[PDB]
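Here is how the chains run, residue by residue.
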Amino acid sequence: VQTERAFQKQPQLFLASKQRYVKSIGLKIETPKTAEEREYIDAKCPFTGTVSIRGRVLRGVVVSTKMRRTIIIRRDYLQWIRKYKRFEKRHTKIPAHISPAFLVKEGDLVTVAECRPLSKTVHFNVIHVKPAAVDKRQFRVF
Amino acid sequence: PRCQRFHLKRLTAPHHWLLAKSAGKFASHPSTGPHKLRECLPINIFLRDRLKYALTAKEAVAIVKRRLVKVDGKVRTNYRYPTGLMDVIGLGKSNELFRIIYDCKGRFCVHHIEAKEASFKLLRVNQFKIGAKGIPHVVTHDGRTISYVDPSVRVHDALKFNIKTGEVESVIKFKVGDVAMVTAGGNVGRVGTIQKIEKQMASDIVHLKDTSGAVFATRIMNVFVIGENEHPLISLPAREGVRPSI
Amino acid sequence: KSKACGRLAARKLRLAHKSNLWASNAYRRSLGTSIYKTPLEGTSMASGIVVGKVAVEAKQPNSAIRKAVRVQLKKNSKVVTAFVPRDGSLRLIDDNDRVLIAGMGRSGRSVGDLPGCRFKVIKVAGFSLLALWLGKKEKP
Amino acid sequence: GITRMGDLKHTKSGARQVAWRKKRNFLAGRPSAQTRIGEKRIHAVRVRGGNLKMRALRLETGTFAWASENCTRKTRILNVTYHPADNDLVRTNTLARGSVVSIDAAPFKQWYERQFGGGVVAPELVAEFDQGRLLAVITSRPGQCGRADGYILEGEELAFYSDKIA
RNA sequence: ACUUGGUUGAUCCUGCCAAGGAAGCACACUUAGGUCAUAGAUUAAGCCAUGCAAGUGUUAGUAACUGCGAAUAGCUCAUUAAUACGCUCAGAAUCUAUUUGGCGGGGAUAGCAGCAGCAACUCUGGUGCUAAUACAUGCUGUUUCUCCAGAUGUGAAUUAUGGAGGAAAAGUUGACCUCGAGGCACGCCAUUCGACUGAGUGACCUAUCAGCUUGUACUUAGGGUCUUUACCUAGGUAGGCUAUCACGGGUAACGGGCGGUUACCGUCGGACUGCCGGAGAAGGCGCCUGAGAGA
RNA sequence: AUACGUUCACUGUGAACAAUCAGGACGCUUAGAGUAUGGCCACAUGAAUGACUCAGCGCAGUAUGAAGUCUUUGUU
RNA sequence: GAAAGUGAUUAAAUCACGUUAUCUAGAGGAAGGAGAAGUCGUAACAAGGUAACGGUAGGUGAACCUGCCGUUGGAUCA
């Protein structure tokens, strides 16, 4: 459904005299079933829209579900320190765009992979969710 | 901000070339060409510090401009022209034919060869694409755009190339059980028979074998498929990319 | 025991170490800087014009008057007392000359019997006292 | 000049960011074309790597395109009714991309009888065709391209934008 | 892989202070010879007389014009606390003179000739001509939009390419040197030297710096750019960072390869470092020419 | 129904990534250095290797240490 | 197919406010250290001639004194 001033339109498709464009992203991901039976458009989705996925592929637990079609991960990594022969827990808050194909709560691990810049902060896009139930603030390395 | 810069220093010049740390600061910057900066070897350096004909660099720029030298059919009066892997070098006056090709260790060597062999050369497919009227065409490790190339010509295939006419006579297919000289990294300059090809998700690995019976991997882009099953399509050096080991 | 030993505990060890350096007086003196507000200005040798000649005397038990000149410096325009070594030597220095001053050699602090002053006169008029005291160079 | 550079602006964390260098001609913005209607003229612009972005200042006609029938005629643009970004583009009749502008369609009407007398047509469009001013969208980039052209407004789109005007 | 003098009448301790070894600036006294390396960084990125440092002629464009160069090299470390630098990736979001390989298809001025003006300069006015691989002319593609298909190629593109339509000139039209050979254009695709955009991540102190942030954070549409993005302008939400140290302050802070000290672990220094990358030309700021400059 | 049935950390192995430092060869008259130099009949060479090194990448091994495991009833 | 004009934009420069940091003048005030065998006491070390010492309140030239409550590092391991 199309609320705003501009008419929202699925690109690369002509009505002629509904249809939906759907894309296999590859790298071992099953292109999920709810993309193929749902009214949303989004050009910044991997599957429906026009964003090609490429390069580095991350995992981490979700913090925020607050913005429209954007979430925040925290990647969670150990840093070896040479002197003290011992690691320390570090983290990094990585904001990442979501397709409305997915259904994402707070506090569940996802995967992401990078694309072109969609904003200042966003350069990543969600390609697979695992659900989790039920919290965040665990430190979890993968 | 950096631009395209003329003055190559020694030290920063590559470790192929066997340059003195002394004998001045600057080395000869290669001109732009088919081959890259790092892999190549100019013909200013070729006549100074292999065959040892031109003692000074003034004398080296003399003999290229007399037009005795021929890179690969053509004359080339430009000098400092990058020449690297499988290029023929015909030389006028006391004429000798060479092919430029790697040592055991990674260094360049220079090899007197028979004239009937020294017609042709090999050319690996780097990039395959379509363009102009549905026609497939191929770039090489030179940068020879071989258009109207035949089928069974995919990436990492060699092409034997006749030089007098712009032909592609054979095509040595990539496979298991096929000889391949490595041309970059740590295993640069080494012959191997290809036992395994490991596909790599996204951005792949290939495992090799000497006649001695050592074993070593590399990235796929480094291998140059030299000829089909033991016997290659080329005169190889002394030792034959085996490399000593005690 | 008496510290964190665990595998993940390297933030505790690194950050606790930074605190304990501020107890150490050498790290404290270097870092504070803290050295600039000094007549020397952190320079081993300084030069400038003599104001006059002063008698400062030793503490105890050593009864002796030491003879240290007052010297204005070139670069700061401050004034500071400065010892003159070797017997004679106050007579060799002359009034209102340029002199080169250096440190007492104690890396700061006040040295021998002599309190207050932390400075000795190396040269006068571009010559050096040892040469002058020995008399293998001259002054006009 | 006008800069395309973003280093000066604050981080995500909200930190006062500081320059380390001058402005640079990698990241040079230029002024807007502000592409109105009436009298054709163009200003050529040198860019990175030689080349020409032919910037269009004011354009009369545009090469518009009936999509469903496959037919496309050089047609005179009259006015901007609507634009989804700004109402300022409507007031001064600026041609941007996505700009909903009516067209005379004299050529399209001629096309229908010269072909036919197939065709069929829709009941919304015949309510438009009696006036002789079709709604249509500019799809080109007038400023970069220097040429403006767009397809006719039709189908489910033609319901939507007609409510936004009314 | 090292000890010794100093609190006591004497003792054993804790404990520093000195002594002791190295280098790196500076002062000093003294000095047969050889090779080799370095030398106005520390303070004043303060100021400069004079001389010189970027020009360029081939048997083959015609003193000039024309073509290319001058954006490199050289110098310095004042900014900069991570945006720079390093190290991994990435271009399916890009530009690229020159080389190299494919594919292609007549009139008007400069010196020269002449008349003048300034205290002065590597400033010129005005008339009288003539040059071309300079400039303009001229016997299917390029750019963009719409639609139908979407490869033998990729991890993946409704991508590459093909066909059917319209437009536009922003255009490929060897109008060419030297004696059958050498050389020079024009356009498009690649290639080469690179450039430029984005990501992850590493490290100097400070809590007598605990809250910071309004284009600030997302979204939809546009403008602009070589492209992607609050880069900038609109409409709609109210978000982002923070005790795993945000934000603020300090630096006698250019980063790195590395250098000095050492039994190991470390630790101090890094203008230079015989190299790499960045920044700056008295201080800001702006711009033309060009493949490339905020020179 | 002859390959598939958790991933990591950690270990081994493999890829990837100048000078200096360590180290091999060679009597620069020696040394610090340098990349040479040695054979009287046209020949033979050498300019290795390791470290620089944390992160990121692959296959193999599972002892230790993690995560994986929505149950007043879960999975196909 | 130049100059002049008008409106945009990037704006040096100067004028002015406001903080802010580093330096720096000040009659006086109140401390701290150093040095001369000054003056006034003699508080502490012995049951130091009222055992000392901690917290706190008041007082007096100065050390110190006294009140309330602690400790033994007491002069008692009873």
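As recorded in the PDB header, cryo-EM is the method behind this entry, and the stated resolution is 3.35 Å.

J.: Quick question: what am I supposed to make of the overall build of chain C here?
T.: Across its full length, chain C holds 4 helices and 5 strands. Here the C-alpha radius of gyration of chain C, 22 Å, is well above what a compact globule of 140 residues would show, namely 14 Å. Each principal axis of the C-alpha distribution contributes one length, and for chain C these read about 75 × 35 × 30 Å. For chain C, the proportion of its 140 residues judged to be buried stands at 22%.

J.: Would you take a moment to explain the overall build of chain B for this structure?
T.: In terms of helices and strands, chain B carries 2 helices and 15 strands. In terms of C-alpha radius of gyration, chain B reaches 19 Å, essentially the compact-globule figure of 18 Å for 246 residues. Taking the principal axes of its C-alpha atoms as reference, chain B extends roughly 55 × 50 × 50 Å. Within chain B, the fraction of its 246 residues that count as buried is 43%. By element, 54% of the accessible surface of chain B is carried by carbon and sulfur atoms, the whole surface being about 14000 Å². The positive charge centre, built from 41 side chains, and the negative charge centre, built from 21, are 10 Å apart in chain B.

J.: Is there a simple way to think about the UniProt feature "domain: KOW" (unreviewed entry) in chain B in this case?
T.: UniProt records the feature "domain: KOW" (unreviewed entry) for residues 173-200 of chain B in the present numbering. Taken end to end, residues 173-200 of chain B is 0% helix and 36% strand, and its first and last C-alpha atoms sit 20 Å apart.

J.: Looking at this structure, how should I read a nonpolar patch on the surface?
T.: All names here are of chain C. Together, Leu 92, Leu 130, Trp 133 and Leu 134 make up a nonpolar patch on the protein surface, roughly 370 Å² of accessible area in all. Examining the composition of the nonpolar patch, we find that 3 residues originate from one element, helix α4 (residues 129-134), more than from any other. Looking at the secondary structure, you find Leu 134 in helix α4.

J.: Please explain the sheet that holds strand β8 (residues 137-138) of chain D as it appears in this structure.
T.: Strand pairing in a sheet relies on backbone hydrogen bonds, with the paired strands running either antiparallel or parallel. Residues and elements named next belong to chain D. Read from one edge of the open sheet, 4 strands run β5-β6-β7-β8, paired in antiparallel fashion. The strands lining the two open edges of the sheet, one partner per strand, are β5 (61-66) and β8. Direction of pairing for β5 relative to strand β6 (residues 71-82): antiparallel, over a ladder of 6 bridges. Considered in β6, the bridge of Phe 64 is made with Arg 73.

J.: Is there a simple way to think about the nonpolar core in this case?
T.: Counting residues in each nonpolar core, the largest one holds 45 residues, and the members touching the most others are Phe 46, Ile 89, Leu 91 and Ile 226 of chain B. Those elements that place two or more of their residues in this core are α1 (43-48), β1 (69-71), β2 (88-91), β4 (101-102), β5 (108-109), β10 (179-182), β13 (205-209) and β15 (223-227) of chain B. Ignoring anything within four residues of it in the chain, the contact list for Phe 46 of chain B reads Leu 41, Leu 51, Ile 89, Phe 98, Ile 100 and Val 110 of chain B. Membership of the second largest hydrophobic core comes to 28 residues, among which are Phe 64, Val 80, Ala 105 and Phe 160 of chain D.

J.: Looking at this structure, how should I read the side chain of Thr 35 of chain D?
T.: All names here are of chain D. Counting through the fold element by element, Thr 35 comes out in the segment before β1 (42-43). With relative accessibility at 3%, the residue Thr 35 sits in the buried group. A polar side-chain atom of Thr 35 sits 2.7 Å from the main-chain carbonyl oxygen of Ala 56. Excluding residues that lie within four positions of it along the chain, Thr 35 makes contacts with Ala 56, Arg 58, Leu 59, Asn 93, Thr 94, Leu 95, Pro 142 and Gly 143.

J.: Any chance you could explain the protein's contact with RNA strand F here in plain terms?
T.: Residues and elements named next belong to chain B. Residues in close proximity to RNA strand F total 23 residues, the closest being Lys 21, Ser 22, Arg 107, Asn 187 and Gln 200. The contact in question runs from a phosphate oxygen of RNA strand F to an N or O atom on the side chain of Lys 21, over 2.8 Å. A distance of 2.8 Å separates a phosphate oxygen of RNA strand F from a polar backbone atom of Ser 22. Take the surface near RNA strand F: its biggest share by element is 3 residues, from strand β14 (residues 215-219). For the surface near RNA strand F, the residue count by class is 6 nonpolar, 8 polar and 9 charged.

J.: Just to check I follow, could you spell out the environment of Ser 110 of chain C for this structure?
T.: All names here are of chain C. Inspection of the secondary structure assignment puts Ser 110 in the loop between β4 (98-103) and β5 (119-124). Assessed through its relative accessible area of 38%, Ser 110 is described here as partly exposed. What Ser 110 contacts, discounting residues up to four positions off in sequence, is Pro 115, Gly 116 and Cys 117.

J.: Is there a simple way to explain the packing of aromatic side chains in this structure?
T.: Working definition: an aromatic ring pair is given by the centre-to-centre distance plus the angle between the planes. A complete count under the given rule lists 13 aromatic pairs over all chains for this structure. Ring centres of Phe 7 of chain A and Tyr 161 of chain D lie 6.5 Å apart, and the angle between their planes is 45 degrees; on these two criteria the pair is classed as tilted. Taken together, the residues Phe 7 of chain A in the segment before β1 (57-62) and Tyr 161 of chain D in helix α5 (residues 156-165) connect one chain to another. Among the residues examined, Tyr 161 of chain D registers a relative accessible area of 6% and is labelled buried. Here the aromatic rings of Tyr 82 of chain D and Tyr 161 of chain D are separated by 6.1 Å at their centres, their planes lie at 70 degrees, and the arrangement is edge-to-face. The exposure classification of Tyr 82 of chain D matches that of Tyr 161 of chain D, with both residues buried. Members of the aromatic cluster, connected to one another through ring pairs, are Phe 7 of chain A together with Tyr 82, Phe 160 and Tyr 161 of chain D.

J.: What's the story with the layout of surface pockets in this structure? I'm lost.
T.: Empty space among the atoms can be located by rolling a probe the size of a water molecule over them. Residue and element names in this part refer to chain C. When its volume is computed, the second largest pocket comes out at roughly 570 Å³. Forming the boundary of the second largest pocket are 20 residues, of which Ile 35, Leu 40, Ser 107, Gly 108 and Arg 118 lie nearest the centre. Among the residues making up the lining of the second largest pocket, the classes are represented as 5 nonpolar, 11 polar and 4 charged.

J.: Quick question: what am I supposed to make of empty space enclosed by the protein here?
T.: Residues and elements named next belong to chain C. For the largest cavity, the calculated volume is near 30 Å³. Surrounding the largest cavity, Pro 39, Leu 40, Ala 46, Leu 73, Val 80, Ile 101 and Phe 119 form its lining. Here the residues of the lining of the largest cavity are counted per class, giving 7 nonpolar, no polar and no charged.

J.: What am I meant to see in the arrangement of the chains here?
T.: One finds no contact between chain A and chain B; the C-alpha atoms of the two approach each other to within 7 Å at their closest. Where chain C comes nearest to chain D, the C-alpha atoms are still 23 Å apart, and the two do not contact one another.

J.: Teacher, can you tell me more about unusual backbone geometry here?
T.: In most cases, non-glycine residues show a negative phi, while peptide bonds are predominantly trans. Residues and elements named next belong to chain A. Note the cis peptide between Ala 133 and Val 134, where omega equals 5 degrees. Tracing the backbone through its elements, the reader meets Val 134 in the segment after β5 (124-129). Phi is positive for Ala 16, close to 70 degrees, though the residue is something other than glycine. You can see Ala 16 is positioned in the segment before β1. Residue class for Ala 16 comes out exposed when judged on its relative accessible area of 55%.

J.: Looking at this structure, how should I read the protein's contact with RNA strand E?
T.: In the region of RNA strand E, 155 residues are neighbours, and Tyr 21 of chain A, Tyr 36 and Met 45 of chain C together with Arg 4 and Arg 147 of chain D sit closest. Backbone atoms, meaning sugar and phosphate, form 78% of the atoms of RNA strand E found within 4 Å of the protein. Here a sugar or linking oxygen of RNA strand E sits 2.8 Å away from a polar atom, N or O, in the main chain of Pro 117 of chain A. The biggest single contributor to the surface near RNA strand E is strand β3 (residues 86-97) of chain A, with 6 residues.

Analysis parameters
- Residues numbered from 1 in each chain as written, not as in the entry; some residues may be left out.
- Chains lettered and ligands numbered in written order.
- Part of a larger assembly, values for the part shown.
- Heavy atoms only, no water.
- Residues with missing side-chain atoms left out of burial classes, pairs and counts.
- Helix = DSSP H or I, 4+ residues; strand = E, 2+ residues; numbered from the N terminus.
- Rg over C-alpha atoms; globule rule 2.2 N^0.38 Å.
- Buried < 20%, exposed > 50% of the residue type's maximum accessible area, 1.4 Å probe, protein only.
- Areas by Shrake-Rupley, 256 points an atom, 1.4 Å probe, with all protein chains shown as cover.
- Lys, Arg positive; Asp, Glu negative; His and termini not counted.
- Charge placed at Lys NZ, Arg CZ, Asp CG, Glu CD.
- UniProt positions renumbered as here; feature names shortened; annotations may be inferred.
- Patch = residues over 30% accessible without salt bridge, like charges linked within 9 Å, V, L, I, M, F, W, Y side chains within 5 Å.
- Salt bridge = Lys/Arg side-chain N within 4 Å of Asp/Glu carboxyl O.
- Pairing = 2+ DSSP bridges.
- Core = buried A, V, L, I, M, F, W, Y, C linked by side-chain atoms within 4.5 Å.
- Contact = heavy atoms within 4.5 Å.
- Polar contact = N/O pair within 3.5 Å; in protein donor to acceptor, adjacent residues only side chain to side chain.
- Near = heavy atom within 4 Å.
- Nonpolar A, V, L, I, M, F, W, Y, C, P; charged D, E, K, R; others polar.
- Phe/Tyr/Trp six-rings, centres within 6.5 Å; stacked < 30°, edge-to-face > 60°.
- 1 Å grid on protein atoms, 1.4 Å probe; cavity = no way out; pocket = protein on both sides within 12 Å on 5 of 7 lines; lining within 4 Å.
- Points joined across faces, edges and corners; volume = space filled by probe spheres on them.

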